[PDB]
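Report on the structure given below.
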Protein chains: 2
Amino acid sequence: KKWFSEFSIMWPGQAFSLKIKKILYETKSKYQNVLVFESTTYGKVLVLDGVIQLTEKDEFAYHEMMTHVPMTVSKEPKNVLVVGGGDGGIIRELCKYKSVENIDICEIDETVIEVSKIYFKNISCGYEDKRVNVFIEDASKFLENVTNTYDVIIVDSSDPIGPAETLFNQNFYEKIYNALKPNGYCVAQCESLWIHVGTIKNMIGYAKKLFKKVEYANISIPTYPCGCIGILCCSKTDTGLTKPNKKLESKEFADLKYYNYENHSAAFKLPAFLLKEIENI
Amino acid sequence: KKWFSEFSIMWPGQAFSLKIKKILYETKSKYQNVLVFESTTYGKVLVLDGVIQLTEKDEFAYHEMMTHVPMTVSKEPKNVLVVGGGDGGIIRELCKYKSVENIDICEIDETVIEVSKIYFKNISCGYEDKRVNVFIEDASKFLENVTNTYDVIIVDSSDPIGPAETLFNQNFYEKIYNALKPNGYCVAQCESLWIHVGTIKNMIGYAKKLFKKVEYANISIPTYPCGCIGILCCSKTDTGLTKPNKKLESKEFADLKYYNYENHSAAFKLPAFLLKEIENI
Ligand SMILES: CSC[C@H]1O[C@@H](n2cnc3c(N)ncnc32)[C@H](O)[C@@H]1O
Ligand SMILES: CSC[C@H]1O[C@@H](n2cnc3c(N)ncnc32)[C@H](O)[C@@H]1O
């Protein structure tokens, strides 16, 4: 059997590999190279431009924290935007909230969406929900054009190399801020604390120039570089996102595999070296 | 340049790799294969039987949590035992406590100790401390023979394949229990929550058969499989190890890079799937 390996200039000198049971699909779409394969131990794996986006074994860790962190802090969220997130993992978690009225998803690459519908049916199942509306568009342009404002915005992007190039700048957080309700929250995928604090520093800096409260949380997920990924958390009130306003006790949240009330707040308890680096921002 | 790769039957179907700047030393000792190399991005790396034991970039995460968790809960610890731990990382952290009177280390493989003294001088520096006493012995036999009892025992072992074979059974936790003071604490390296809950379940089961309070904490560390490792925490009182009794505010702890008062307790906030698996043990 062969092995897939995740090399990148974004994490030089290290690489994570998964044994391949079989390659399921590959293509060059309008924007990126798409790879789907079945791994021997992590289930099916989605890859974009050589970077692991998810695996069936551990995606829940990432999708549950990215979603249920802002959604338990927002009191009655009605309209939620997902930026990127073509696989539908965030949507899957968003749909569990009966009180949500609309879920917009702006994903640049329709291939990702259709690939997920075909090969990742237990992840993309939320596309069947009547509240979900899909826009195939660069979120950079979508956010300039959108007339609605949102309670929660979840930025579930790929990395800064590729189409997500436009989602990691000062201009982009303006657009996020303006597209939010005056008491609105945004969470974004942010680097690993273990590999580039510089990037994390830059993001927090862009966010703090508009947002009253900017926090950073960490998620354990084995198939992202360094075994973890951060959540750039953005609030318009000084109350922030570290503390949930509700508990997910209805039958829809019975299946949660990572998120709970306690680990919500825990995710915000960062290694000493990290706290130190971000303090004078 | 070449790459070092960590393959194992203990985590099949996955592998982590580091680019090699240069190989520094290799040998077959009485017990295991030893590899020291300089990596391109993680500094010097120690490998035993093909398994990464530490790297200069991230070892602090592991050594600080393994040490300062029990040492901030034990009120006036005087005599501490390190099982395994030949690199001296735990000793380095133990030495920061002025109140410690004795530090015994039982390490089976003297080669590891001397290799660390030569190639990892900023990790093994605590061997120069007059309180540190070294026993080259299987901790399985050492614990049967020792006449002293300890306030804290830190089990800083390699994995169950190799000489640490004898440190992962019911008999071994008897010995730990008996070698502890009646209000004594033991922490042990335990699996990754992401790869074998079975092992974790087995360890907690052995510990609970003797110890009043058995807890499990998780540490973020990129160069262990799945990017994390657990601490099997064992207490003789129902109070446990989740809550520190002191704050590390003296100039000796000024250099801490991971541990702090808040993330002590945070480490014990586990993913939902894990809590579920261990509940009826
Ligand atoms: C797999 S989930 C991450 C998604 O982010 C999408 N993405 C990257 N850049 C942008 C952008 N500028 N606008 C919308 N979606 C994007 C990628 O196509 C990917 O499907
Ligand atoms: C590198 S720190 C981990 C150490 O645990 C040591 N070790 C493994 N098994 C045993 C044992 N039975 N007794 C003492 N030390 C051990 C290994 O030699 C290694 O140096």
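Numbering of ligands and ligand atoms starts at 1, following listing order. In the text below, chain A, chain B and the rest are named by the order of the sequence lines, each starting its count at 1.
A donor-acceptor pair shorter than 3.5 Å cannot be found between the side chains of A:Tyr259 and A:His63.
Counting only residues at least two apart or on different chains, the salt bridge (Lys or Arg N to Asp or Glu O under 4.0 Å) pairs with a member in residues 50-63 of chain B are B:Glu59-B:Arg92.
A salt bridge is defined here as a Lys NZ or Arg NE, NH1 or NH2 lying under 4.0 Å from an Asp or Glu carboxylate O, and A:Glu144 with A:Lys141 fails to meet this definition.
Protein residues lining ligand 2, listed by chain and number: B:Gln32, B:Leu48, B:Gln53, B:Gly84, B:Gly85, B:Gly86, B:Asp87, B:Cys106, B:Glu107, B:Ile108, B:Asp109, B:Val112, B:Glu137, B:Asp138, B:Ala139, B:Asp156, B:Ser157, B:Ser158, B:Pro163, B:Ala164, B:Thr166, B:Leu167 [non-hydrogen atoms, distance under 4.0 Å].
The side chain to side chain contact (heavy atoms under 4.5 Å, CB included) test with A:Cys186 is passed by exactly one of A:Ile154, A:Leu180, A:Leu81: A:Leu180.
A search for ring-ring contact (aromatic ring centres under 6.0 Å, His included) contacts involving A:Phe4 returns A:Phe37, not counting sequence neighbours. By the side chain to side chain contact (heavy atoms under 4.5 Å, CB included) test, B:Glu26 is found to be paired with B:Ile23, B:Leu35, residues two or more places apart in sequence or in another chain being considered.
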